[PDB]
């Protein structure tokens, strides 16, 4: 019964109230819907930042560079955040967004194989440059919010060109919340290198009845915003639209 004018106004106001500029793309079946207070962001390119971890994991598992139970040991060096100073599986490193683990995985993959696989998957602009362990942070790899939600839709439905078991293993790593019989799978991103800074939350809702609704939030992060604004805006949006 709620007008779409009213949905548009409410979701816009969640971005307005967080004092950011951002878009959330929702995909239902084949239809893409764009909401937020900066709709033109939807087809602009930004660094994927930590969202690239989902593909990094698929590539590393498909090519036998790691298994899902393997423990990546902390090497004992000081790490940007204390929560990263511990031993982790890929799945724990996914949830904490632990760059050192995923950097180790990228080095095991190596520049050549990473380039061939990022091309084969057609992710974003497909260009990873010549440094295998930082191309997702400050260029040259870029991707639009439309491309991110289409990647999430592909993973949610097992349509990427990787084994089914590989896709299932990576999807178990991405479960971040249950809400009234609904499961949210998503990976967050915060590109602190680039100016302006970019924030992501990309994933899908799996509803009770089995339907999967992909989404990609993309916003500008400003000095001294909480990371959890990505979660709050996403949850409020999906709830406003009755998706969760």
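Numbering follows the first chain given and starts at 1.
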Discussion item. Per the record, averaged over C-alpha atoms, which has the higher B-factor: 89-97 or 162-170?
Written reply: 162-170
Discussion item. Can you tell me whether 204-212 has a higher mean C-alpha B factor than 45-53 in this record, or the other way round?
Written reply: 204-212
Response to the item:
Residue set 193, 36, 199, 60, per-entry CA B-factor max assigned to 193
Worksheet item: Taking the C-alpha B-factors as the PDB entry records them, is residue 233 in the lowest, middle or highest third of its chain?
Response: middle
Fill in: Ranked C-alpha temperature factor of residue 144 among modelled chain residues, by third
lowest
Worksheet item: residue 182: which third of its chain by C-alpha temperature factor?
Response: highest
Worksheet item: By the record's CA B-factor, is residue 107 among the lowest, middle or highest third of residues in the chain?
Response: middle
Item to complete: Select lowest, middle or highest to describe the third in which the CA B-factor of residue 125 falls within its chain in this entry.
Response: middle
